[PDB]
Amino acid sequence: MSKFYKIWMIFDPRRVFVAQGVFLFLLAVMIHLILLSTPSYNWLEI
Amino acid sequence: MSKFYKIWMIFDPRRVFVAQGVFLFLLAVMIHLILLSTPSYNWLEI
Amino acid sequence: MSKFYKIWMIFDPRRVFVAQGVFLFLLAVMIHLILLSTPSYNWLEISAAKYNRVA
Amino acid sequence: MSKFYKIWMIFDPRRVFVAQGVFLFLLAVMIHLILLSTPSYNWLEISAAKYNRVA
Amino acid sequence: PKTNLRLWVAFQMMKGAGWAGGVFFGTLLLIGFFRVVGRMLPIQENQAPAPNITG
Amino acid sequence: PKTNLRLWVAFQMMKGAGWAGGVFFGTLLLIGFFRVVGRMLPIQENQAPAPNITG
Amino acid sequence: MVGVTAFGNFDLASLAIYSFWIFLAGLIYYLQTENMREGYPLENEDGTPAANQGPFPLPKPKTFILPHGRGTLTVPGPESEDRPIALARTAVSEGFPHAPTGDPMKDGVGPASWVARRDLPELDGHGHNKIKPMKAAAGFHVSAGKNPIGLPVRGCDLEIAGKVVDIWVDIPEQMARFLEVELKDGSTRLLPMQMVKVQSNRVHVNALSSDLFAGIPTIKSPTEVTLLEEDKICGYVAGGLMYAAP
Amino acid sequence: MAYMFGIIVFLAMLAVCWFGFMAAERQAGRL
Amino acid sequence: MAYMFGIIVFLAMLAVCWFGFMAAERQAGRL
Amino acid sequence: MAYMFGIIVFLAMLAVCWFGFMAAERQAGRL
Amino acid sequence: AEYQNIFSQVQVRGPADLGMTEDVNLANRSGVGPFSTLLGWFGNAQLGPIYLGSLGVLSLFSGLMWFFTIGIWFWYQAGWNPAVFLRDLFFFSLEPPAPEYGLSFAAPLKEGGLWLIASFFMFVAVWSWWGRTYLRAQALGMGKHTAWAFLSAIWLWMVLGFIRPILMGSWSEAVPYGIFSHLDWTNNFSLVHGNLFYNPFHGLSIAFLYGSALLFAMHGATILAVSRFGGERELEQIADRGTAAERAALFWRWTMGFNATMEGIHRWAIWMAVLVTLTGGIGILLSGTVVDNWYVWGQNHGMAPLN
Amino acid sequence: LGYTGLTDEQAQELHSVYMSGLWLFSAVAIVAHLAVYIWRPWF
Amino acid sequence: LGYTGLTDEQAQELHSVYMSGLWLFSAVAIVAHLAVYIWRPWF
Amino acid sequence: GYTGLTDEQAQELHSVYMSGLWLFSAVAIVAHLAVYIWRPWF
Amino acid sequence: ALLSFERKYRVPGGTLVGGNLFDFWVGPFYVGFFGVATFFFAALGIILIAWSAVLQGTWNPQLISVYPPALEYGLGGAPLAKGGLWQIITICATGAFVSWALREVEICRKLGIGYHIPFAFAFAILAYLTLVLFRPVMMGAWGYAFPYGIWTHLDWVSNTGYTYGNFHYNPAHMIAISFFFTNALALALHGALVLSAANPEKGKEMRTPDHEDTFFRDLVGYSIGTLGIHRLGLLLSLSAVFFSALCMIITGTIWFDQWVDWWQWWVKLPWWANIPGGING
Ligand SMILES: CCCCCCCCCCCCCC(=O)OC[C@H](COP(=O)(O)OCC(O)COP(=O)(O)OC[C@@H](COC(=O)CCCCCCCCCCCCC)OC(=O)CCCCCCCCCCCCC)OC(=O)CCCCCCCCCCCCC
Ligand code: BCL
Ligand SMILES: CC[C@H]1c2cc3[nH]c4c(c3C)C(=O)[C@H](C(=O)OC)c4c3nc(cc4[nH]c(cc(n2)[C@@H]1C)c(C(C)=O)c4C)[C@@H](C)[C@@H]3CCC(=O)OC/C=C(\C)CCC[C@H](C)CCC[C@H](C)CCCC(C)C
Ligand SMILES: CC[C@H]1c2cc3[nH]c4c(c3C)C(=O)[C@H](C(=O)OC)c4c3nc(cc4[nH]c(cc(n2)[C@@H]1C)c(C(C)=O)c4C)[C@@H](C)[C@@H]3CCC(=O)OC/C=C(\C)CCC[C@H](C)CCC[C@H](C)CCCC(C)C
Ligand SMILES: CCCCCCCCCCCCCCCC(=O)OC[C@H](CO[C@H]1O[C@H](CS(=O)(=O)O)[C@@H](O)[C@H](O)[C@H]1O)OC(=O)CCCCCCCCCCCCCCC
Ligand SMILES: COC(C)(C)CCC/C(C)=C/C=C/C(C)=C/C=C/C(C)=C/C=C/C=C(C)/C=C/C=C(\C)CC/C=C(\C)CCC=C(C)C
Ligand SMILES: COC(C)(C)CCC/C(C)=C/C=C/C(C)=C/C=C/C(C)=C/C=C/C=C(C)/C=C/C=C(\C)CC/C=C(\C)CCC=C(C)C
Ligand SMILES: COC(C)(C)CCC/C(C)=C/C=C/C(C)=C/C=C/C(C)=C/C=C/C=C(C)/C=C/C=C(\C)CC/C=C(\C)CCC=C(C)C
Ligand SMILES: COC(C)(C)CCC/C(C)=C/C=C/C(C)=C/C=C/C(C)=C/C=C/C=C(C)/C=C/C=C(\C)CC/C=C(\C)CCC=C(C)C
Ligand SMILES: COC(C)(C)CCC/C(C)=C/C=C/C(C)=C/C=C/C(C)=C/C=C/C=C(C)/C=C/C=C(\C)CC/C=C(\C)CCC=C(C)C
Ligand SMILES: COC(C)(C)CCC/C(C)=C/C=C/C(C)=C/C=C/C(C)=C/C=C/C=C(C)/C=C/C=C(\C)CC/C=C(\C)CCC=C(C)C
Ligand SMILES: COC(C)(C)CCC/C(C)=C/C=C/C(C)=C/C=C/C(C)=C/C=C\C=C(C)\C=C\C=C(/C)CC/C=C(\C)CCC=C(C)C
Ligand SMILES: [Fe+3]
């Protein structure tokens, strides 16, 4: 750490958190879809 | 609705919302388990 | 090497960190997809063959 | 050869450094992809054979 | 109080993820509509030959 | 502001559902530990007869 | 000629396709340099000539000869802003926005921008004022559609700003080009016809709150509008979409 | 057909949610 | 056996999260 | 034998990251 | 929702507008036609006046005779029956001479003579319309861009009906006059020449045909988007650049990194459209004369896989 | 620098709020990964 | 010379924190490469 | 000059640029030498 | 670097997402939130195409071809080498095209212009999604989509068309073609007419829009006008793409046979079906 908190003096936290919510949701969807595309992990094929 | 808001003068909303969070989570888990117990909906049996 | 800090006198950090952020995510995603494209290194299929799942 | 520093009188370093960054990345990606296309040099397929990792 | 700051960061992220979820599931329901109409039509009887040589 | 009241109700419910989630998944991991130890032991070889007449 | 090659696989259809790639590269160079007759040379944000002017050179000057004695235009040419711009940098680096230093609607910057066009009317082919109030062109009348004259004009705040008192028509094109609105002090303004919705009982101006109608730049003659005045009016109204606050 | 009637039932349910949600923003818009 | 080594790896990861979470409550306990 | 030597190389790489990180922290105190 | 300027809200009608004189021989210009309130919602309401004169009469009479010659053949193929004429209207076809007749004018009237007669009236009608398109611009002192643009379409049409039949050595190569039959001809042409998709000039011609829909969508949407600034008055924006032209230029510069001008976008427009039929005409002229199987030509030129 | 107009103390405070949630979110993720690895391991 | 407006000491400040992140991120990555090489070496 | 760099600003900036060039190529030479040891291409 | 008039327009705001976090330019290009999204998907989709070229084993750019999953995979996932790369590149294409439209909406807001351009572009996106998504989902297999390859996607057009005989007989395909040809006619005329006024005979003054109206009235007895022609060029382009999408969404979902056989409904109308003579009698 030491000074990693200084990122909030470069980038406006309000905007970053909204943009990070979009990223993390799409990353989660991406990984679920990678697994759903794989036969040994397609839980929706019952 | 009319006067249903008066329930917050009977029961302390702070306590009700915490108790309602517990209820809704356990209800959700219950229904997922009912489905997981049923062969045509057991998505975890891959 | 002791003057490489002067890069921040050439380029504004607000643009550089955005560019780097996209770059590092893009590079990582392509390497994972390249390995998943490869039968020797597709970990999800290595585990399926290991555990006698659908392969 | 000592006056090569006058390149920066002609070309703005902000343009050069961005252009250079793009160019060197795409060249490196080009060469790594060419080798992955080359069976004698595809390190993933070489190690697959070395360790009998399929069939 | 620090808790109001905890909840404000959560709220900003749920704004982002909520919109991204609205587009994802809204797309999935549009795909669902075309799948439902595909089920209503006589397509499995009259199923067309594959147009690509990969099959 | 009304938004601070929206987030306070969400926070109270997430307190409840978070604790209820912690006991559910904590139980599921305790069950997981006994399943992992069951896999390590020679039980499938020496599998016991059913103790109930329903089988 | 079928199958006849000069060398390799190079038949007469190869000669054609390679000749076309040379023609296309020449044509694209011609097209892009023609499109550099406005807005070049490129500038730094301070206004000095940018060290990077891009790969294409400026074309040789052409001269347009303007009708009705209005002189000649040479392009490319000396191309100053010819007006003050009330903007200040928000960063020392290039590529960031410049924030309005005062009231951007009235300073005329951003989407409220306007250009120092010629302070004369646009003319028709005969040399009459192209755009006129309809009362000043006796044959004209509203031949179909809801006649707006006499309707109240509502802002996006949903309050009445004024009433429509005339239509300003493009004479050669025979189309409605502005609505004249009489405000609550009896001074009028022109509204661009494309910025208003002529509803059944009202004209709705979604760009302006009812107070902002007094700020609309006024025309100096009540019987004609200059190209400079048009740009100021049209710019100001469109600027409201960004800058009209609730 | 009479299956897709159910798809419409869910859309009727989702219209009730819209009417309820906007009403909840009305019946105390401090109003 | 050498599978359950992985179960321990996840517990090591979860101890790092605890150490990080408490540190985050320390390095600005207004402190 | 590139297994063993591989382990060593990765452990050598990490020692350079330790040097560089401590060097950065040795700069970052307004040195 | 706001106003999009796609249909007009209010129509105004002045007097009839007779238009510019310049060097137009005004005796040859008709009276003004009626106004259409329907057209006024989308564009101008005024019909007419129209200029006739010498190349006008020549073109309109030859074009009438072309149309009438086909129509009578269709009435004959219908057996004069007015019901069959409407049933089979899209199935009638005036076919060119059979291959055994080559280029000779000796084919019987029912075996291709009427197709030559019809094609002669088409030839005169189209070429006299070209000269009319040149001279109407000359009388107004305008540039000849419209006549030179029309020459690019004539090039493809001449290749289809005249030049390639001559170079192939029979009128049987030409297009039949008929709704479905010119479609059957178009399909059969591609099959005989081994899939026309692998003709590179058919590929180019499609690129410019898609590009013309791309570019007119971009340009039409751009001008409507800036029409609130009077950007549809493009000649005054060329003479005296307003905020409309600058906002249009900066939209595309900020979007795709480069932009046109108000004059220069119409050069992109004319060339994108002209190149459709220029490259098209070349691609047909090469078909059968130089390449008889485009798919195999594609295999030898690195665009299809080898067998 | 100081492009956002936060003070240094405001930034130190907010970063701890953010970091506390980061370790919580990743701790929940580890529990979900540990559950999945017990049920259906991928190594 | 400065195109960004950062003073020299500000640039040294920003760089030293930037390099801390680079070495940290690259350390985490080496441990991932080490684990993967232990599991399935590519040489 | 077009950039407006003074001669000393250009000569300063070149010296640091040369340092990155020699560093980057030095790493690349180790990478080539390793792969030539591992699998010669000549 | 700026156009000489550009500076007065580079104000803050108009962004739909991200506020000022991405409200900056990179050379001429505006970035914004969706510019970041656009570049990521564009770069990923391009790079996965180059990687598919490695798996395919060609470097000739005209032979590179990324095929969709075979019909045996249905609408499920396929292996990356065998259709799964196509699926990810289709996601990236959709992400890039949609982000590009949304980035255009932000630029419209900052310049205060109408939204006609991103709205028109959304028609092209829907035609793309018809061919890769909606129609394959209706027909039940990703393999009915076209392959990403310069010439191999023309094989898909050919093979899809000839599945239904001559595809010229699709009646919506005929209407789409009529708009496509008419649009190209109107673009030739509009370009030429504006240029002929701005570039008259040598020594003459610039012509007015009155001369433009006059030339076309003299030529054809009508003139749509300066505003009408830009409405027409937009609607002709959009109609062409609407009827193109329509012609395909019906093909293989409600119509299965040779399209030429459709036109018999007119021939066999009972008031004239049996009348002797003609072509069909
Ligand atoms: C299948 C058929 C297809 C067919 C494809 C379609 C073909 C038919 C359409 C033809 C359109 C012609 C386009 C044109 O006129 O270009 C000149 C014009 C002039 O702009 P300018 O403003 O007056 O001058 C340039 C400069 O002053 C702009 O400002 P600045 O210097 O501050 O920033 C630079 C720009 C982009 O500039 C460049 O990338 C370098 C110049 C490119 C010239 C291209 C033509 C000549 C060289 C071609 C061979 C160059 C070989 C190296 O902004 C940035 O750099 C910011 C970073 C974002 C861009 C990253 C790009 C990464 C590298 C990707 C590879 C790019 C290759 C050009 O604009 C530009 O220079 C930038 C254009 C960027 C988009 C071009 C898209 C069209 C296709 C590629 C170019 C045409 C050749 C096919
Ligand atoms: C099975 C069918 C074949 C095929 C066979 C052909 C053939 C054969 C030809 C084309 C040609 C064309 N094809 Mg192909 N084509 C196929 C598949 C396609 C596909 C697709 C998605 O699959 C597309 C988009 C196209 C697209 C096109 C165009 C780019 C091109 C025509 C340009 C033009 O403007 O013509 C329309 C314009 C004209 C014909 C010019 C007309 C000008 C004259 C002067 C007008 C006179 C008017 C008259 C007097 C009437 C007046 C009435 C007034 C009211 C007064 N083809 C397949 C592979 N295609 C042509 C070409 O150029 O090929 C290279 C061509 O000859
Ligand atoms: C560059 C490529 C594009 C192109 C360009 C183009 N075409 C052009 C032009 C240009 C630039 C013109 O200037 C020219 C024009 O005038 O346009 C308005 C033209 C034109 N493009 C035309 C058509 C056309 N263009 C096409 C395509 C293309 N045109 C390409 C897409 C197509 C097709 C199939 O794609 C067609 C059908 C025409 C509208 C026009 C050429 C007109 C012409 O030559 O007409 C000859 C025929 C006649 C003059 C008359 C025919 C018969 C009528 C029924 C009149 C009868 C009158 C008589 C007195 C009646 C008496 C009745 C009695 C019983 C009383
Ligand atoms: C709807 C009417 C017409 C239309 C309109 C239209 N297109 C538009 C616009 C408009 C109004 C824009 O604003 C926009 C633009 O910016 O234009 C410059 C655009 C545009 N129309 C384009 C192309 C295009 N339009 C076409 C068609 C049409 N566009 C219609 C006919 C066609 C074809 C084949 O008909 C093409 C190729 C672009 C120039 C541009 C959109 C640029 C864009 O999306 O940029 C972001 C994405 C990238 C830079 C690259 C993405 C890379 C992918 C992730 C990987 C590649 C995947 C792809 C599926 C591979 C295909 C291989 C082929 C061989 C099959
Ligand atoms: C809190 C949230 C809780 C969520 C709970 C879980 C919900 C899960 C269900 C979601 C419901 C909707 C799913 C869609 C409809 C459906 O049932 O489909 C089920 C079918 C399976 O059909 C199969 O069956 C089909 C027959 S049938 O439909 O069953 O009759 C058959 O035709 C097909 O071949 C076969 O594969 O699959 C699909 O339709 C595929 C979905 C594809 C989505 C990803 C696309 C990636 C590929 C490239 C395209 C990219 C496009 C990018 C666009 C941005
Ligand atoms: C503490 O500070 C931080 C570390 C948080 C920030 C530091 C400073 C900073 C500003 C960093 C910036 C980094 C950047 C700019 C990173 C950018 C990353 C990108 C562009 C990631 C993109 C990811 C995309 C994904 C995962 C896409 C998924 C799409 C899927 C799964 C398809 C299904 C989804 C949908 C249908 C919804 C979306 C719509 C379409 C059309 C796809
Ligand atoms: C055993 O086998 C079988 C299951 C098959 C057979 C079972 C047979 C059997 C014994 C069934 C018995 C069923 C019974 C006894 C059902 C009774 C149901 C009742 C009594 C339901 C009542 C519901 C009441 C409701 C939902 C009331 C809601 C009230 C509201 C929302 C208002 C709450 C209060 C306020 C807002 C405050 C008001 C004002 C002030 C000033 C505080
Ligand atoms: C609109 O109305 C208001 C929200 C304002 C409330 C109105 C006023 C009011 C006070 C209503 C009160 C209602 C009451 C008291 C309802 C009580 C309902 C109960 C007791 C529901 C219980 C549900 C239990 C469930 C769904 C259990 C699920 C268990 C599962 C799925 C197994 C997994 C669970 C665990 C590992 C934890 C289980 C618990 C323990 C202790 C081990
Ligand atoms: C086609 O077939 C194959 C691909 C198989 C083979 C052939 C490919 C081929 C033709 C390759 C050609 C390769 C070439 C031309 C490579 C050229 C490489 C170069 C010139 C690399 C240069 C690298 C330079 C670097 C990394 C410099 C970095 C500089 C740094 C880090 C410092 C920057 C300066 C400052 C921060 C100082 C700022 C100063 C002030 C006062 C503020
Ligand atoms: C192709 O690749 C595959 C798809 C195969 C794999 C993907 C490969 C790849 C490149 C993955 C990259 C992943 C990355 C870089 C992930 C990064 C994730 C990060 C940085 C996550 C950080 C999350 C931080 C959070 C959630 C912080 C939240 C802070 C908050 C909310 C404030 C504090 C508040 C609380 C603790 C209480 C919250 C409130 C309530 C009511 C519970
Ligand atoms: C198929 O092709 C292959 C994939 C095989 C090609 C492989 C070849 C190839 C081209 C690879 C390329 C790899 C490259 C170029 C990798 C480079 C990676 C870099 C540059 C990584 C850098 C990471 C840096 C980090 C994580 C920095 C973090 C900084 C932080 C956390 C601090 C942020 C700033 C502040 C807190 C503010 C500081 C102070 C003040 C006063 C504002
Ligand atoms: C209501 O009944 C009435 C009789 C009153 C009217 C009926 C009207 C009617 C039903 C008309 C039907 C018209 C149709 C369906 C026309 C279709 C035309 C089509 C689709 C034409 C397509 C292509 C034509 C081309 C490419 C023609 C090119 C011709 C050229 C280049 C001319 C070449 C010239 C010659 C070969 C002639 C050479 C002769 C001499 C003497 C040198
Ligand atoms: Fe135009």
# chains A, B, ... in the order shown; residues from 1 in each chain; ligands from 1
>>> residues_around(residues="range 4-13 of chain H", least_positions_apart="4", cutoff="10 Å", atoms="only C-alpha atoms", output="PyMOL selection string")
(chain E and resi 33+36-37+40) or (chain H and resi 17-18)
>>> residues_near_ligand(ligand="ligand 4", cutoff="8 Å", atoms="only C-alpha atoms and all ligand atoms", output="ChimeraX atom specification")
/K:207,210-218,221,252,255-256 /O:38-39,41-46,49,89-101,104,117-125,127,146-153,237-238,240-241
>>> residues_near_ligand(ligand="ligand 10", cutoff="9 Å", atoms="only C-alpha atoms and all ligand atoms", output="MDAnalysis selection string")
(chainID A and resid 17 20:21 23:24 27:28 30:35) or (chainID C and resid 24:36) or (chainID E and resid 3 5:14) or (chainID F and resid 7:8 10:15 18) or (chainID L and resid 14 16:26)
>>> calpha_fit_rmsd(fixed="chain C", moving="chain D")
1.0 Å
>>> residues_near_ligand(ligand="ligand 1", cutoff="9 Å", atoms="only C-alpha atoms and all ligand atoms", output="number ranges by chain")
D: 15, 18-19, 22-23, 26; G: 24-25, 28-29, 31-33, 35-36, 40-42, 50-57; K: 253, 256-260; O: 1-3, 25-29
>>> write_last_selection(atoms="N, CA and C atoms", output="compact mmCIF listing (two decimals), in the first residue's frame")
# COMPACT_ATOMS: atom_id res chain seq x y z
N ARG D 15 3.65 11.68 -29.63
CA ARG D 15 3.24 10.89 -30.78
C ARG D 15 4.16 9.70 -30.98
N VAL D 18 3.63 6.83 -28.19
CA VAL D 18 2.40 6.07 -28.45
C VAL D 18 2.55 5.20 -29.70
N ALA D 19 3.06 5.77 -30.79
CA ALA D 19 3.25 5.00 -32.02
C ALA D 19 4.19 3.82 -31.78
N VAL D 22 2.44 0.97 -29.73
CA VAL D 22 1.57 0.16 -30.57
C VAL D 22 2.40 -0.77 -31.46
N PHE D 23 3.38 -0.20 -32.16
CA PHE D 23 4.18 -0.96 -33.12
C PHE D 23 4.88 -2.16 -32.48
N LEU D 26 2.36 -4.98 -31.52
CA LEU D 26 1.85 -5.74 -32.65
C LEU D 26 2.93 -6.57 -33.35
N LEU G 24 -7.81 3.24 -57.32
CA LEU G 24 -8.47 3.50 -56.04
C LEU G 24 -7.57 4.25 -55.07
N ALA G 25 -6.29 3.87 -54.99
CA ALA G 25 -5.36 4.61 -54.14
C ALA G 25 -5.20 6.06 -54.60
N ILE G 28 -8.63 7.88 -53.66
CA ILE G 28 -8.75 8.15 -52.23
C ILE G 28 -7.85 9.31 -51.81
N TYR G 29 -6.65 9.40 -52.40
CA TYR G 29 -5.79 10.55 -52.15
C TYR G 29 -6.42 11.84 -52.66
N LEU G 31 -9.70 12.38 -53.05
CA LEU G 31 -10.87 12.69 -52.23
C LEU G 31 -10.50 13.30 -50.88
N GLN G 32 -9.49 12.75 -50.21
CA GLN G 32 -9.14 13.26 -48.89
C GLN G 32 -8.57 14.68 -48.95
N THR G 33 -7.68 14.95 -49.90
CA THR G 33 -7.12 16.29 -50.04
C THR G 33 -8.18 17.33 -50.41
N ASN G 35 -11.11 17.25 -49.23
CA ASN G 35 -11.80 17.46 -47.97
C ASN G 35 -10.97 18.20 -46.93
N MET G 36 -9.79 18.69 -47.29
CA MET G 36 -8.97 19.50 -46.40
C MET G 36 -9.06 20.99 -46.72
N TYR G 40 -8.21 23.40 -41.99
CA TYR G 40 -6.78 23.16 -41.99
C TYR G 40 -6.03 24.45 -42.27
N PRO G 41 -4.77 24.59 -41.80
CA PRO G 41 -3.92 23.65 -41.04
C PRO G 41 -4.43 23.30 -39.64
N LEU G 42 -3.97 22.17 -39.10
CA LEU G 42 -4.35 21.77 -37.76
C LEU G 42 -3.61 22.60 -36.72
N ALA G 50 0.02 23.04 -35.23
CA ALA G 50 0.46 21.75 -34.71
C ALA G 50 1.64 21.22 -35.50
N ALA G 51 2.61 20.64 -34.78
CA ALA G 51 3.78 20.06 -35.43
C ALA G 51 3.41 18.89 -36.34
N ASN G 52 2.35 18.16 -36.00
CA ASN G 52 1.83 17.08 -36.85
C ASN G 52 0.67 17.60 -37.69
N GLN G 53 0.87 17.66 -39.01
CA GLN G 53 -0.16 18.07 -39.95
C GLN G 53 -0.78 16.89 -40.70
N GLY G 54 -0.41 15.66 -40.35
CA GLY G 54 -0.93 14.48 -41.01
C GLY G 54 -0.26 14.17 -42.33
N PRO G 55 -0.63 13.02 -42.92
CA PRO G 55 0.09 12.53 -44.11
C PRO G 55 -0.27 13.23 -45.41
N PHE G 56 -1.50 13.73 -45.52
CA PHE G 56 -1.88 14.39 -46.77
C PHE G 56 -1.50 15.87 -46.75
N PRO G 57 -0.99 16.39 -47.86
CA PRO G 57 -0.80 17.84 -47.98
C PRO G 57 -2.09 18.58 -48.28
N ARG K 253 -15.23 13.47 -37.25
CA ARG K 253 -13.86 13.51 -36.75
C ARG K 253 -13.74 12.89 -35.36
N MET K 256 -14.79 8.82 -36.00
CA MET K 256 -13.93 7.94 -36.78
C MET K 256 -12.57 8.53 -37.13
N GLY K 257 -12.25 9.72 -36.65
CA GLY K 257 -10.91 10.26 -36.76
C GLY K 257 -10.62 11.06 -38.01
N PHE K 258 -11.58 11.21 -38.91
CA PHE K 258 -11.43 12.05 -40.09
C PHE K 258 -12.82 12.46 -40.54
N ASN K 259 -12.88 13.45 -41.43
CA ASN K 259 -14.16 14.05 -41.78
C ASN K 259 -14.09 14.62 -43.19
N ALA K 260 -15.28 14.90 -43.73
CA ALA K 260 -15.45 15.58 -45.00
C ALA K 260 -15.75 17.07 -44.80
N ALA O 1 -4.26 17.25 -32.23
CA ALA O 1 -4.37 18.49 -32.98
C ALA O 1 -5.82 18.78 -33.35
N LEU O 2 -6.14 20.06 -33.51
CA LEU O 2 -7.51 20.52 -33.68
C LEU O 2 -7.71 21.05 -35.09
N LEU O 3 -8.92 20.88 -35.62
CA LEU O 3 -9.37 21.77 -36.68
C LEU O 3 -9.34 23.20 -36.17
N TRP O 25 -10.26 13.29 -25.11
CA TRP O 25 -9.94 12.88 -26.47
C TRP O 25 -8.56 12.23 -26.54
N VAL O 26 -8.38 11.43 -27.59
CA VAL O 26 -7.10 10.79 -27.91
C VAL O 26 -6.86 11.10 -29.38
N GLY O 27 -6.04 12.11 -29.66
CA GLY O 27 -5.93 12.66 -30.99
C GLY O 27 -7.23 13.28 -31.45
N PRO O 28 -7.74 12.85 -32.60
CA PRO O 28 -9.08 13.27 -33.02
C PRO O 28 -10.19 12.52 -32.31
N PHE O 29 -9.91 11.29 -31.86
CA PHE O 29 -10.96 10.39 -31.42
C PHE O 29 -11.47 10.79 -30.04
>>> residues_around(residues="residue 40 in chain A", least_positions_apart="2", cutoff="9 Å", atoms="only C-alpha atoms", output="list in words")
residues 35, 36, 38, 42 and 43 of chain A; 46 of chain B; 44, 45, 47, 48, 53, 54 and 55 of chain C
>>> residues_around(residues="range 31-41 of chain L", least_positions_apart="3", cutoff="7 Å", atoms="only C-alpha atoms", output="PyMOL selection string")
(chain F and resi 29+32) or (chain I and resi 10) or (chain L and resi 27-28)
>>> select_by_dssp(residues="range 97-199 of chain K", states="helix (DSSP H, G or I)", output="PyMOL selection string")
chain K and resi 99-101+109-111+113-139+145-168+171-173+179-192+196-198
>>> residues_near_ligand(ligand="ligand 9", cutoff="10 Å", atoms="only C-alpha atoms and all ligand atoms", output="PyMOL selection string")
(chain C and resi 1-11) or (chain D and resi 13-14+17+20-21+23-24+26-35) or (chain M and resi 1-4+8+11) or (chain N and resi 5+8-25)
